[PDB]
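Participant: Fold the stuff below for me.
(chains A and B)
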Amino acid sequence: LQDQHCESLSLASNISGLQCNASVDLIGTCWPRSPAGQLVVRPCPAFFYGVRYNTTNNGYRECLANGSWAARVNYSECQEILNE
Amino acid sequence: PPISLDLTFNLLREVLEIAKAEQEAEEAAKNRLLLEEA
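Facilitator: Numbers count the residues shown, from 1 in each chain, chains lettered A, B, ... in the order given. Shown next is the protein structure:
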């Protein structure tokens, strides 16, 4: 279900090798397929589970420069937006 | 001369933001933790 949505998220890639699989990593975020060695930047959507959450910053999942995924998505960007 | 306030006030300064942060611990933390971790 998610895979196809994550895979088809980009469509018409035609990457002759060296790329990451378009699916989920940690949270319910659909990451598209990209060539190996690419700063896959894309923050979280508006509202998360039960809160708006910050959506001004742009996090990056990073596409492993070989044929896999990275360890840091820098999702921290999506933090709380309350006044104390 | 060497002057400082926050350094000594930290005791209450941290508690202030720390205590008020509780609201973001019971539930928010679960999201932020995942977000920050991700």
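Participant: From here on, just use CA atoms for contacts and neighbour counts.
Facilitator: Fine.
Participant: Mind checking if the helix or strand hosting residue B:13 is in reach of chain A?
Facilitator: Element membership of residue B:13, judged by DSSP states H and E, is helix B:6-21. Yes. Interface with chain A: helix B:6-21 contributes B:17, B:20, B:21 (Cα under 8 Å from any Cα of the partner chain).
Participant: burial of the first one, as a residue count?
Facilitator: By that I understand residue B:17. 11 (other Cα atoms under 10 Å in any protein chain shown).
Participant: Isn't it up against residue A:84?
Facilitator: Yes. Taking Cα atoms under 8 Å as the definition, residue B:17 is a contact partner of residue A:84 at 7.4 Å.
Participant: do the helix or strand just after the helix holding residue B:13 and chain A meet at all?
Facilitator: Sequence-wise, the next helix or strand beyond helix B:6-21 is helix B:28-37, with elements assigned using DSSP H and E. Yes. Counting by Cα under 8 Å from any Cα, chain A has neighbours in helix B:28-37: B:28, B:31, B:32, B:34, B:35, B:36, B:37.
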